[PDB]
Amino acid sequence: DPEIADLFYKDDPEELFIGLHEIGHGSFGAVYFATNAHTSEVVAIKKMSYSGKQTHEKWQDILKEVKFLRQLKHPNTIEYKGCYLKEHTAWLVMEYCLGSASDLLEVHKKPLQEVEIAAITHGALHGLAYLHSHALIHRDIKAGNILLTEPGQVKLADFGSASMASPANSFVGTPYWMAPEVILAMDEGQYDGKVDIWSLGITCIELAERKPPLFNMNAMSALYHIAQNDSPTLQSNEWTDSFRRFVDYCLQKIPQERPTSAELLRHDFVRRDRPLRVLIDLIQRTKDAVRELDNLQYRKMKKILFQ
């Protein structure tokens, strides 16, 4: 019906975008760097197929992601440009980013610097405070869904699990980064935006340690351990106390004891002065490191030099 047709532009995207290069993938298909042939603008295109046996679920997921992106306007959420449709493939068009925070980890094969973590966290928190103020929940916060534009701005992306309401109940997320109350809700009970704060805490650990906790287990074992056991913490004592206190505050298992996004914006870790150029310099040092990679690793990370 019109409710669904109204989500999509009516012209054929195949002509409109040129010079496609893959920059990501997921179950749906790939993401591409592309240029509008008429305006020269560079964009990202997430192509999401709903062919085949999983057509119904795939189409519902497209619809949910498009409807969610349509409502957003904030400097730390990815800019949405609209969506095209061709041959059982939706072309979701976004502003183009250099890469994810997970990509920055992969290029360096080391944790990020603490001030880089803070900067990224700070931007992510603004996005989360916006979302939560609108009764929204991201539900899949992780380093691979926090992007950086080439100029150094932090963008939340991947709204494929997101909630249009709060409280919510669905058992959704990426298991290692899921809040205990999502797991304990078992698709029936309730949780709210603070699940993103738990996930942010896990993301902090990820950026500090290269991987989330429990990553040597299967999903089934991790979900049990997240529910049953004491929350994780930063392993190293090298980190400042402020960063360690930040993480611990995020990783309060009881939601009533965990800060909101608005509250965590006032925490010392993100309020502490840091250098003006932290994100610009992280970007530059990343490009410089991609230029030194061997061809095995470069083949995977060449997108970082696409501009």
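Numbering starts at 1 and runs along the sequence shown.
Undergrad: Can you tell me whether 126 to 134 has a higher mean C-alpha B factor than 220 to 228 in this record, or the other way round?
TA: Per the PDB entry, the higher value belongs to 220 to 228.
Undergrad: I need to verify one thing: averaged over C-alpha atoms only, is the B-factor higher for 192 to 200 or for 105 to 113?
TA: It is 105 to 113 that shows the higher mean C-alpha B-factor.
Undergrad: By the CA temperature factor listed in this entry, which of these ranks top: 283, 289, 23, 18?
TA: By C-alpha B-factor in the record, 18 ranks first.
Undergrad: Can you work out whether the C-alpha temperature factor of residue 276 puts it in the lowest, middle or highest third of the chain?
TA: Answer is highest: the recorded C-alpha B-factor places it there.
Undergrad: Divide the modelled residues of the chain into thirds by Cα B-factor and specify which third, lowest, middle or highest, holds residue 142.
TA: Residue 142: CA B-factor falls in the lowest third of its chain.
Undergrad: Please place residue 89 in the lowest, middle or highest third of its chain by C-alpha B factor as given in the entry.
TA: Within its chain, residue 89 is a middle-third residue by C-alpha B-factor, going by the deposited values.
Undergrad: Lowest, middle or highest third: where is residue 150 by Cα B-factor in its chain?
TA: Answer is middle: the recorded C-alpha B-factor places it there.
Undergrad: Is residue 187 in the lowest, middle or highest third of its chain when residues are ranked by C-alpha B-factor?
TA: Highest third of the chain for residue 187's C-alpha B-factor.
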